[PDB]
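Chemist: Sharing structure_29.txt here; it has compact mmCIF, C-alpha atoms.
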# COMPACT_ATOMS: atom_id res chain seq x y z
CA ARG A 1 9.21 17.21 27.03
CA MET A 2 8.39 13.59 26.13
CA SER A 3 4.88 12.91 24.83
CA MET A 4 4.08 9.39 23.62
CA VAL A 5 1.52 7.48 21.54
CA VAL A 6 1.16 3.73 20.96
CA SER A 7 0.30 1.78 17.77
CA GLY A 8 -0.32 -1.86 16.92
CA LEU A 9 -0.46 -3.08 20.50
CA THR A 10 -2.53 -5.69 22.33
CA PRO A 11 -4.26 -4.43 25.52
CA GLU A 12 -1.75 -6.25 27.76
CA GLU A 13 1.03 -4.69 25.70
CA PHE A 14 -0.54 -1.24 26.16
CA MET A 15 -0.62 -1.90 29.93
CA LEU A 16 3.14 -2.45 29.90
CA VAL A 17 3.65 0.95 28.27
CA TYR A 18 1.24 2.67 30.69
CA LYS A 19 3.27 1.28 33.57
CA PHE A 20 6.57 2.22 31.91
CA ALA A 21 5.36 5.78 31.24
CA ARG A 22 4.19 6.06 34.85
CA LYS A 23 7.63 5.05 36.17
CA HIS A 24 9.57 7.51 34.04
CA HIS A 25 6.94 10.33 34.27
CA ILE A 26 6.41 10.40 30.48
CA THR A 27 3.08 11.63 29.08
CA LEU A 28 1.24 8.85 27.22
CA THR A 29 -1.90 9.74 25.28
CA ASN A 30 -4.60 7.98 23.23
CA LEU A 31 -4.69 10.49 20.39
CA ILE A 32 -1.76 11.82 18.37
CA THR A 33 -1.18 15.56 18.66
CA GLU A 34 1.42 18.06 17.44
CA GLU A 35 2.78 18.03 21.01
CA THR A 36 3.47 14.29 20.66
CA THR A 37 7.17 13.36 20.31
CA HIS A 38 7.16 9.56 20.24
CA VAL A 39 5.03 7.07 18.35
CA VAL A 40 5.61 3.59 19.71
CA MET A 41 4.99 0.95 17.01
CA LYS A 42 4.65 -2.79 17.29
CA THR A 43 7.32 -4.28 15.05
CA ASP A 44 8.98 -7.64 14.51
CA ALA A 45 12.64 -8.38 15.32
CA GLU A 46 13.71 -6.61 12.14
CA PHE A 47 12.05 -3.38 13.42
CA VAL A 48 9.47 -3.53 10.62
CA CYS A 49 5.89 -2.44 11.36
CA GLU A 50 2.51 -2.18 9.61
CA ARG A 51 1.15 1.02 8.11
CA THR A 52 -1.27 2.67 10.52
CA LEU A 53 -2.49 6.29 10.64
CA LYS A 54 -0.30 6.86 13.69
CA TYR A 55 2.64 5.49 11.72
CA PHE A 56 2.05 7.85 8.79
CA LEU A 57 1.59 10.85 11.04
CA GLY A 58 4.68 9.93 13.05
CA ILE A 59 6.80 10.22 9.92
CA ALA A 60 4.96 13.30 8.54
CA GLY A 61 5.31 14.98 11.91
CA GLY A 62 9.02 14.13 11.96
CA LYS A 63 8.46 12.36 15.28
CA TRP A 64 10.44 9.57 16.97
CA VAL A 65 8.80 6.58 15.29
CA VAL A 66 10.07 3.89 17.60
CA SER A 67 9.64 0.12 17.99
CA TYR A 68 7.80 -1.18 21.09
CA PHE A 69 10.94 -3.25 21.88
CA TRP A 70 12.40 0.08 23.14
CA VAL A 71 9.93 -0.21 25.99
CA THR A 72 10.44 -3.91 26.70
CA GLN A 73 14.24 -3.87 26.52
CA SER A 74 14.34 -0.74 28.69
CA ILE A 75 12.20 -2.64 31.20
CA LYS A 76 14.77 -5.46 31.10
CA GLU A 77 17.79 -3.11 31.21
CA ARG A 78 16.10 -1.06 33.98
CA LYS A 79 17.37 2.23 32.44
CA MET A 80 15.59 4.23 29.71
CA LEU A 81 17.55 3.47 26.55
CA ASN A 82 18.48 5.52 23.46
CA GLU A 83 15.85 6.02 20.75
CA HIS A 84 18.43 6.00 17.93
CA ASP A 85 19.05 2.24 18.17
CA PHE A 86 15.32 1.42 18.38
CA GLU A 87 13.94 3.60 15.55
CA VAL A 88 11.78 1.60 13.09
CA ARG A 89 13.55 0.40 9.99
CA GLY A 90 10.55 0.38 7.66
CA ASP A 91 7.12 -1.07 6.93
CA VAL A 92 5.54 -4.30 5.62
CA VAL A 93 4.31 -2.61 2.39
CA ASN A 94 7.00 -0.19 1.20
CA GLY A 95 10.24 -1.68 2.43
CA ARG A 96 11.87 -3.46 5.34
CA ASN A 97 14.94 -1.19 5.12
CA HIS A 98 13.89 2.26 3.85
CA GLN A 99 14.72 4.43 6.82
CA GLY A 100 11.53 6.47 6.29
CA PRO A 101 11.23 7.66 9.91
CA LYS A 102 14.96 8.62 10.13
CA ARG A 103 14.97 10.58 6.85
CA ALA A 104 11.90 12.58 7.98
CA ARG A 105 13.42 13.79 11.28
CA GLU A 106 16.67 14.42 9.43
CA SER A 107 15.12 16.55 6.68
CA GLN A 108 12.63 19.08 8.02
CA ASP A 109 14.37 21.90 6.15
CA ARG A 110 13.35 20.04 2.99
CA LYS A 111 9.84 18.59 3.22
CA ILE A 112 8.54 16.20 0.58
CA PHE A 113 5.51 18.11 -0.75
CA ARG A 114 7.31 21.50 -0.63
CA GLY A 115 5.47 23.23 -3.49
CA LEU A 116 2.19 21.37 -4.08
CA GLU A 117 -1.53 22.19 -3.82
CA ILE A 118 -3.43 19.05 -2.91
CA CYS A 119 -7.19 18.59 -3.23
CA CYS A 120 -8.89 15.40 -2.04
CA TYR A 121 -11.94 14.57 -4.17
CA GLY A 122 -14.86 12.17 -3.80
CA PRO A 123 -15.41 9.30 -1.34
CA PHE A 124 -12.77 7.93 1.07
CA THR A 125 -12.84 4.81 3.27
CA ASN A 126 -10.70 3.86 6.21
CA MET A 127 -8.64 6.99 6.79
CA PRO A 128 -10.42 10.16 7.97
CA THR A 129 -10.05 12.80 5.25
CA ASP A 130 -9.20 15.52 7.79
CA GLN A 131 -6.32 13.32 8.94
CA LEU A 132 -4.91 12.64 5.47
CA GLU A 133 -5.20 16.38 4.77
CA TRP A 134 -3.21 17.08 7.95
CA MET A 135 -0.56 14.54 6.91
CA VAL A 136 -0.31 16.31 3.59
CA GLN A 137 -0.08 19.64 5.49
CA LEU A 138 2.67 18.16 7.68
CA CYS A 139 4.87 17.49 4.65
CA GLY A 140 4.53 21.13 3.63
CA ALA A 141 1.68 20.99 1.11
CA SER A 142 -1.26 23.37 0.67
CA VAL A 143 -4.74 21.95 1.23
CA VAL A 144 -7.48 22.99 -1.15
CA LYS A 145 -11.05 22.02 -0.27
CA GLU A 146 -12.75 22.64 -3.64
CA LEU A 147 -11.73 21.83 -7.24
CA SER A 148 -12.28 25.43 -8.36
CA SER A 149 -10.23 26.84 -5.47
CA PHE A 150 -6.80 26.03 -6.94
CA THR A 151 -4.37 28.94 -7.49
CA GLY A 152 3.35 29.50 -10.14
CA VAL A 153 2.82 26.42 -7.94
CA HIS A 154 1.61 22.87 -8.80
CA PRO A 155 -1.87 21.32 -8.27
CA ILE A 156 -2.58 17.62 -7.55
CA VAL A 157 -5.91 15.80 -7.20
CA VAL A 158 -5.98 12.90 -4.70
CA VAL A 159 -8.67 10.20 -5.07
CA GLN A 160 -9.50 6.75 -3.60
CA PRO A 161 -10.84 4.80 -6.63
CA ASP A 162 -12.16 1.72 -4.74
CA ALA A 163 -14.48 3.98 -2.68
CA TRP A 164 -16.50 5.02 -5.75
CA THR A 165 -19.91 3.44 -6.36
CA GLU A 166 -20.25 4.67 -9.94
CA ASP A 167 -16.70 3.69 -11.01
CA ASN A 168 -17.04 5.68 -14.27
CA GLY A 169 -16.87 8.85 -12.14
CA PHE A 170 -13.17 9.24 -11.26
CA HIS A 171 -12.18 9.66 -14.91
CA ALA A 172 -14.26 12.85 -15.07
CA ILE A 173 -12.04 15.12 -12.95
CA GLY A 174 -9.99 15.96 -16.06
CA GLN A 175 -13.15 17.66 -17.35
CA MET A 176 -13.36 20.02 -14.36
CA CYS A 177 -9.61 20.91 -14.29
CA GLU A 178 -6.28 20.21 -16.07
CA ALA A 179 -4.46 19.01 -12.92
CA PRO A 180 -3.20 15.39 -12.43
CA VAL A 181 -5.33 12.77 -10.67
CA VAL A 182 -3.46 10.26 -8.47
CA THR A 183 -4.61 7.48 -6.18
CA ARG A 184 -4.55 7.88 -2.38
CA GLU A 185 -1.54 5.57 -2.19
CA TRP A 186 0.70 8.24 -3.78
CA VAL A 187 0.35 10.20 -0.53
CA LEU A 188 0.70 7.09 1.67
CA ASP A 189 3.80 5.67 -0.03
CA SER A 190 5.41 9.09 -0.28
CA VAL A 191 5.01 9.73 3.44
CA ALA A 192 6.14 6.20 4.32
CA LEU A 193 9.46 6.42 2.51
CA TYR A 194 9.62 10.18 3.11
CA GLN A 195 10.31 10.83 -0.55
CA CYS A 196 7.90 12.42 -3.04
CA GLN A 197 7.16 9.58 -5.42
CA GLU A 198 6.78 10.15 -9.15
CA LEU A 199 3.11 10.43 -10.07
CA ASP A 200 3.45 8.16 -13.14
CA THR A 201 2.75 4.93 -11.24
CA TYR A 202 -0.24 6.43 -9.41
CA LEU A 203 -1.78 8.44 -12.25
CA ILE A 204 -5.44 7.84 -13.05
CA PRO A 205 -6.14 8.24 -16.79
CA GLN A 206 -8.73 10.99 -17.46
CA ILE A 207 -11.45 11.18 -20.13
CA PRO A 208 -11.04 13.69 -23.01
CA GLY B 1 -8.57 -11.08 25.76
CA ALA B 2 -12.14 -9.75 25.54
CA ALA B 3 -13.74 -7.58 22.83
CA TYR B 4 -11.27 -4.87 21.77
CA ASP B 5 -11.42 -2.62 18.77
CA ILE B 6 -8.34 -2.35 16.56
CA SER B 7 -6.67 0.45 14.56
CA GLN B 8 -6.63 0.24 10.78
CA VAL B 9 -3.75 -1.24 8.85
CA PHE B 10 -2.90 0.10 5.39
CA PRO B 11 -2.07 -2.90 3.19
CA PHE B 12 -1.01 -3.18 -0.43
CA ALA B 13 -3.50 -1.64 -2.90
CA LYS B 14 -3.64 -0.42 -6.47
Is it possible to give me this structure as structure tokens?

Modeler:
Amino acid sequence: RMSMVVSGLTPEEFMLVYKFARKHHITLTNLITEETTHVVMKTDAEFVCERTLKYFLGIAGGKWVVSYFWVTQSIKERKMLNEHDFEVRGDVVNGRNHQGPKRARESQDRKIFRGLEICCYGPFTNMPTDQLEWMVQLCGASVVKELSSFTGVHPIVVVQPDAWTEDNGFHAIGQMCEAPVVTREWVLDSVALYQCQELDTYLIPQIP
Amino acid sequence: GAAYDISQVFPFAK
């Protein structure tokens, strides 16, 4: 059963989709759920979009991340067209051609954070923590809510360094535990490409 | 058109 969500759209563009969903009897919602099957992204001609929360979750959920052109060209062609040839090809940050969305729906047997325990620590800005934790959960990780509450499986500390007011503070997590401390972008890039990226580029140096 | 709120983008960052 088709359940749809929109991202990156102007109000008049949303109105098109609302009309299109009404014609074909497809559920369109404002909030992304587990029940949601399709995330409809605004892209350019190259099927390249921007990174939104809905975009990340669409990949992490293994959902049909689809360009909004799939709506407009199906309006023009009068029939409801195939999702395969309208799936988004990548994003403005990580790559115009990484088939992130395709590789996520393809590999659900293997999920990118298969054996990791992830704890978010300290302040966070634009993305709700409970959402980023869900995204991490969606790629088959374990969410830990306290630094002491870690458990033959690997721990990772996730931090957003530009949210900290006393910037000397995010080098002090190595004192509390011996687990690695990466930036928030490690999660975000890894979900976007749907490949677990090597922590080396994201690793925050800790104080001895 | 009028005043509409807009969902976050996640640009390049360290």

Chemist: Quick check, in Å to one decimal: how far apart do atom CA of residue 121 of chain A and atom CA of residue 190 of chain A lie?

Modeler: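 It comes out at 18.6 Å.
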
Chemist: Enumerate as a PyMOL selection string the residues belonging to chain B that approach chain A to within 6 Å, with all atoms listed in the file taken into account.

Modeler: chain B and resi 8-10

Chemist: Nearest to residue 45 of chain A: which of A:88, A:2, A:28, A:136 is it, counting only C-alpha atoms?

Modeler: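 Answer, going by the shortest atom-to-atom distance: A:88.
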
Chemist: I'd like the box whose edges run along x, y and z of the file and which contains every listed atom of segment 1-13 of chain B, padded by 5 Å per side; could you state its centre and edge lengths in Å, one decimal, as AutoDock Vina command-line options?

Modeler:
--center_x -7.4 --center_y -5.3 --center_z 11.4 --size_x 22.7 --size_y 21.5 --size_z 38.7

Chemist: Between atom CA of residue 169 of chain A and atom CA of residue 148 of chain A, what is the distance in Å, rounded to a tenth?

Modeler: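 Interatomic distance here is 17.6 Å.
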
Chemist: Write out as a PyMOL selection string which residues come within 7 Å of segment 109-120 of chain A when counting all atoms listed in the file, dropping same-chain ones fewer than 4 positions away.

Modeler: chain A and resi 139-147+153-159+194-196

Chemist: Have a look at atom CA of residue 108 of chain A and atom CA of residue 57 of chain A and let me know their distance in Å, one decimal.

Modeler: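 Between atom CA of residue 108 of chain A and atom CA of residue 57 of chain A the gap is 14.1 Å.
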
Chemist: May I ask which of the residues A:122, A:95, A:205, A:100 is the closest one to residue 191 of chain A, counting only C-alpha atoms?

Modeler: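 Selected residue with least distance to residue 191 of chain A: A:100.
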
Chemist: How would segment 40-193 of chain A look written as a PDB file, in the first residue's frame with C-alpha atoms?

Modeler:
ATOM      1  CA  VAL A  40       9.258  12.530  -3.046  1.00  0.00           C
ATOM      2  CA  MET A  41      12.292  14.839  -3.340  1.00  0.00           C
ATOM      3  CA  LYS A  42      12.756  18.022  -5.307  1.00  0.00           C
ATOM      4  CA  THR A  43      15.716  17.436  -7.599  1.00  0.00           C
ATOM      5  CA  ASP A  44      17.255  19.049 -10.662  1.00  0.00           C
ATOM      6  CA  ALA A  45      17.308  17.454 -14.136  1.00  0.00           C
ATOM      7  CA  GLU A  46      20.175  15.208 -13.069  1.00  0.00           C
ATOM      8  CA  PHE A  47      17.954  13.749 -10.293  1.00  0.00           C
ATOM      9  CA  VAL A  48      20.199  15.274  -7.616  1.00  0.00           C
ATOM     10  CA  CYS A  49      18.604  16.639  -4.428  1.00  0.00           C
ATOM     11  CA  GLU A  50      19.607  18.393  -1.194  1.00  0.00           C
ATOM     12  CA  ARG A  51      20.112  16.608   2.108  1.00  0.00           C
ATOM     13  CA  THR A  52      17.010  16.918   4.259  1.00  0.00           C
ATOM     14  CA  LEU A  53      15.901  14.811   7.242  1.00  0.00           C
ATOM     15  CA  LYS A  54      13.258  13.196   5.046  1.00  0.00           C
ATOM     16  CA  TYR A  55      15.978  12.381   2.533  1.00  0.00           C
ATOM     17  CA  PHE A  56      18.181  10.702   5.151  1.00  0.00           C
ATOM     18  CA  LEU A  57      15.298   8.745   6.614  1.00  0.00           C
ATOM     19  CA  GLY A  58      14.135   7.697   3.146  1.00  0.00           C
ATOM     20  CA  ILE A  59      17.467   5.994   2.542  1.00  0.00           C
ATOM     21  CA  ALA A  60      17.791   4.607   6.104  1.00  0.00           C
ATOM     22  CA  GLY A  61      14.267   3.260   5.875  1.00  0.00           C
ATOM     23  CA  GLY A  62      15.078   1.675   2.516  1.00  0.00           C
ATOM     24  CA  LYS A  63      12.170   3.609   1.016  1.00  0.00           C
ATOM     25  CA  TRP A  64      11.506   4.699  -2.575  1.00  0.00           C
ATOM     26  CA  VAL A  65      13.446   7.972  -2.571  1.00  0.00           C
ATOM     27  CA  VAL A  66      12.036   9.451  -5.729  1.00  0.00           C
ATOM     28  CA  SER A  67      12.384  12.719  -7.673  1.00  0.00           C
ATOM     29  CA  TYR A  68       9.348  15.047  -7.856  1.00  0.00           C
ATOM     30  CA  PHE A  69       9.604  14.810 -11.679  1.00  0.00           C
ATOM     31  CA  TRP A  70       7.957  11.361 -11.240  1.00  0.00           C
ATOM     32  CA  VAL A  71       4.826  13.261 -10.283  1.00  0.00           C
ATOM     33  CA  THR A  72       5.031  15.921 -13.000  1.00  0.00           C
ATOM     34  CA  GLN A  73       5.895  13.561 -15.859  1.00  0.00           C
ATOM     35  CA  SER A  74       3.159  11.156 -14.726  1.00  0.00           C
ATOM     36  CA  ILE A  75       0.765  14.105 -14.862  1.00  0.00           C
ATOM     37  CA  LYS A  76       1.933  14.758 -18.438  1.00  0.00           C
ATOM     38  CA  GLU A  77       1.884  11.069 -19.446  1.00  0.00           C
ATOM     39  CA  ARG A  78      -1.527  10.639 -17.719  1.00  0.00           C
ATOM     40  CA  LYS A  79      -0.515   7.181 -16.388  1.00  0.00           C
ATOM     41  CA  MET A  80       1.353   6.525 -13.115  1.00  0.00           C
ATOM     42  CA  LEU A  81       4.913   5.743 -14.191  1.00  0.00           C
ATOM     43  CA  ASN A  82       7.614   3.370 -12.883  1.00  0.00           C
ATOM     44  CA  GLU A  83       9.628   4.429  -9.826  1.00  0.00           C
ATOM     45  CA  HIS A  84      12.812   2.707 -11.054  1.00  0.00           C
ATOM     46  CA  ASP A  85      13.494   5.314 -13.760  1.00  0.00           C
ATOM     47  CA  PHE A  86      12.780   8.247 -11.404  1.00  0.00           C
ATOM     48  CA  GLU A  87      14.776   7.201  -8.316  1.00  0.00           C
ATOM     49  CA  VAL A  88      17.167   9.956  -7.127  1.00  0.00           C
ATOM     50  CA  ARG A  89      20.717   9.644  -8.326  1.00  0.00           C
ATOM     51  CA  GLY A  90      22.410  11.358  -5.385  1.00  0.00           C
ATOM     52  CA  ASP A  91      22.792  14.554  -3.378  1.00  0.00           C
ATOM     53  CA  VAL A  92      24.446  17.994  -3.650  1.00  0.00           C
ATOM     54  CA  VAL A  93      26.962  17.216  -0.851  1.00  0.00           C
ATOM     55  CA  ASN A  94      28.084  13.596  -1.200  1.00  0.00           C
ATOM     56  CA  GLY A  95      27.813  12.866  -4.899  1.00  0.00           C
ATOM     57  CA  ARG A  96      25.690  13.448  -7.973  1.00  0.00           C
ATOM     58  CA  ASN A  97      25.986   9.776  -8.975  1.00  0.00           C
ATOM     59  CA  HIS A  98      26.285   7.609  -5.838  1.00  0.00           C
ATOM     60  CA  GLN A  99      23.124   5.557  -6.042  1.00  0.00           C
ATOM     61  CA  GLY A 100      22.611   5.865  -2.269  1.00  0.00           C
ATOM     62  CA  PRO A 101      18.829   5.316  -2.342  1.00  0.00           C
ATOM     63  CA  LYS A 102      19.103   2.293  -4.726  1.00  0.00           C
ATOM     64  CA  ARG A 103      21.831   0.553  -2.709  1.00  0.00           C
ATOM     65  CA  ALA A 104      19.762   0.908   0.498  1.00  0.00           C
ATOM     66  CA  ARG A 105      16.610  -0.784  -0.883  1.00  0.00           C
ATOM     67  CA  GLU A 106      18.850  -3.366  -2.525  1.00  0.00           C
ATOM     68  CA  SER A 107      20.759  -4.268   0.657  1.00  0.00           C
ATOM     69  CA  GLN A 108      18.474  -4.670   3.656  1.00  0.00           C
ATOM     70  CA  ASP A 109      19.986  -8.066   4.453  1.00  0.00           C
ATOM     71  CA  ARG A 110      23.230  -6.166   5.039  1.00  0.00           C
ATOM     72  CA  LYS A 111      22.671  -2.857   6.846  1.00  0.00           C
ATOM     73  CA  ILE A 112      25.478  -0.332   7.203  1.00  0.00           C
ATOM     74  CA  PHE A 113      25.787  -0.067  10.996  1.00  0.00           C
ATOM     75  CA  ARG A 114      25.282  -3.841  11.524  1.00  0.00           C
ATOM     76  CA  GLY A 115      27.321  -4.250  14.724  1.00  0.00           C
ATOM     77  CA  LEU A 116      27.683  -0.821  16.345  1.00  0.00           C
ATOM     78  CA  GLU A 117      26.583   0.820  19.613  1.00  0.00           C
ATOM     79  CA  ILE A 118      26.023   4.515  19.026  1.00  0.00           C
ATOM     80  CA  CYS A 119      25.736   7.148  21.751  1.00  0.00           C
ATOM     81  CA  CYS A 120      24.965  10.777  20.895  1.00  0.00           C
ATOM     82  CA  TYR A 121      26.618  13.167  23.357  1.00  0.00           C
ATOM     83  CA  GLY A 122      26.235  16.870  24.125  1.00  0.00           C
ATOM     84  CA  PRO A 123      24.383  19.617  22.218  1.00  0.00           C
ATOM     85  CA  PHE A 124      22.846  19.231  18.736  1.00  0.00           C
ATOM     86  CA  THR A 125      21.388  21.866  16.390  1.00  0.00           C
ATOM     87  CA  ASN A 126      19.157  21.482  13.393  1.00  0.00           C
ATOM     88  CA  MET A 127      18.317  17.786  13.439  1.00  0.00           C
ATOM     89  CA  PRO A 128      16.184  16.435  16.314  1.00  0.00           C
ATOM     90  CA  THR A 129      18.303  13.963  18.296  1.00  0.00           C
ATOM     91  CA  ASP A 130      15.439  11.445  18.508  1.00  0.00           C
ATOM     92  CA  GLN A 131      15.334  11.492  14.705  1.00  0.00           C
ATOM     93  CA  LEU A 132      19.071  10.962  14.180  1.00  0.00           C
ATOM     94  CA  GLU A 133      18.890   8.143  16.743  1.00  0.00           C
ATOM     95  CA  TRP A 134      16.057   6.569  14.737  1.00  0.00           C
ATOM     96  CA  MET A 135      18.079   6.894  11.520  1.00  0.00           C
ATOM     97  CA  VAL A 136      20.942   5.154  13.254  1.00  0.00           C
ATOM     98  CA  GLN A 137      18.448   2.494  14.472  1.00  0.00           C
ATOM     99  CA  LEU A 138      17.166   2.109  10.901  1.00  0.00           C
ATOM    100  CA  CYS A 139      20.621   1.123   9.648  1.00  0.00           C
ATOM    101  CA  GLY A 140      20.767  -1.609  12.289  1.00  0.00           C
ATOM    102  CA  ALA A 141      22.687   0.094  15.094  1.00  0.00           C
ATOM    103  CA  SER A 142      22.069  -0.017  18.845  1.00  0.00           C
ATOM    104  CA  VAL A 143      21.192   3.254  20.563  1.00  0.00           C
ATOM    105  CA  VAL A 144      22.754   3.971  23.928  1.00  0.00           C
ATOM    106  CA  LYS A 145      21.459   6.966  25.880  1.00  0.00           C
ATOM    107  CA  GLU A 146      24.252   7.321  28.475  1.00  0.00           C
ATOM    108  CA  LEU A 147      28.064   7.120  28.209  1.00  0.00           C
ATOM    109  CA  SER A 148      28.277   4.550  31.008  1.00  0.00           C
ATOM    110  CA  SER A 149      25.575   2.356  29.439  1.00  0.00           C
ATOM    111  CA  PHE A 150      27.793   0.811  26.740  1.00  0.00           C
ATOM    112  CA  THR A 151      28.143  -2.998  26.688  1.00  0.00           C
ATOM    113  CA  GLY A 152      31.986  -8.300  21.789  1.00  0.00           C
ATOM    114  CA  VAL A 153      30.427  -5.419  19.827  1.00  0.00           C
ATOM    115  CA  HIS A 154      31.786  -1.924  18.950  1.00  0.00           C
ATOM    116  CA  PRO A 155      30.974   1.451  20.601  1.00  0.00           C
ATOM    117  CA  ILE A 156      30.939   4.854  18.821  1.00  0.00           C
ATOM    118  CA  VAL A 157      30.376   8.344  20.249  1.00  0.00           C
ATOM    119  CA  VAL A 158      28.582  10.823  17.949  1.00  0.00           C
ATOM    120  CA  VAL A 159      29.017  14.572  18.569  1.00  0.00           C
ATOM    121  CA  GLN A 160      28.181  17.890  16.825  1.00  0.00           C
ATOM    122  CA  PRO A 161      31.261  20.078  17.568  1.00  0.00           C
ATOM    123  CA  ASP A 162      29.859  23.428  16.298  1.00  0.00           C
ATOM    124  CA  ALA A 163      26.972  23.177  18.822  1.00  0.00           C
ATOM    125  CA  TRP A 164      29.325  23.407  21.820  1.00  0.00           C
ATOM    126  CA  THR A 165      29.621  26.704  23.706  1.00  0.00           C
ATOM    127  CA  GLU A 166      32.731  25.727  25.659  1.00  0.00           C
ATOM    128  CA  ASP A 167      34.617  24.276  22.655  1.00  0.00           C
ATOM    129  CA  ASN A 168      37.267  22.717  24.956  1.00  0.00           C
ATOM    130  CA  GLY A 169      34.584  20.237  26.058  1.00  0.00           C
ATOM    131  CA  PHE A 170      34.334  17.722  23.186  1.00  0.00           C
ATOM    132  CA  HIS A 171      37.924  16.572  23.672  1.00  0.00           C
ATOM    133  CA  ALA A 172      37.017  15.311  27.152  1.00  0.00           C
ATOM    134  CA  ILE A 173      34.913  12.284  26.162  1.00  0.00           C
ATOM    135  CA  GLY A 174      38.097  10.187  25.918  1.00  0.00           C
ATOM    136  CA  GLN A 175      38.390  10.701  29.680  1.00  0.00           C
ATOM    137  CA  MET A 176      34.983   9.133  30.385  1.00  0.00           C
ATOM    138  CA  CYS A 177      35.415   6.152  27.988  1.00  0.00           C
ATOM    139  CA  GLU A 178      37.882   4.574  25.504  1.00  0.00           C
ATOM    140  CA  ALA A 179      35.453   4.590  22.543  1.00  0.00           C
ATOM    141  CA  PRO A 180      35.984   6.709  19.356  1.00  0.00           C
ATOM    142  CA  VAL A 181      34.454  10.187  19.011  1.00  0.00           C
ATOM    143  CA  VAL A 182      33.220  11.154  15.524  1.00  0.00           C
ATOM    144  CA  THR A 183      31.400  14.185  14.177  1.00  0.00           C
ATOM    145  CA  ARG A 184      27.680  14.054  13.324  1.00  0.00           C
ATOM    146  CA  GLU A 185      28.545  14.054   9.624  1.00  0.00           C
ATOM    147  CA  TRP A 186      29.916  10.481   9.867  1.00  0.00           C
ATOM    148  CA  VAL A 187      26.314   9.339  10.365  1.00  0.00           C
ATOM    149  CA  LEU A 188      24.928  11.707   7.711  1.00  0.00           C
ATOM    150  CA  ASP A 189      27.432  10.849   4.971  1.00  0.00           C
ATOM    151  CA  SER A 190      27.233   7.145   5.767  1.00  0.00           C
ATOM    152  CA  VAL A 191      23.459   7.100   5.418  1.00  0.00           C
ATOM    153  CA  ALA A 192      23.565   9.253   2.279  1.00  0.00           C
ATOM    154  CA  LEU A 193      25.872   6.947   0.343  1.00  0.00           C
TER     155      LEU A 193
END
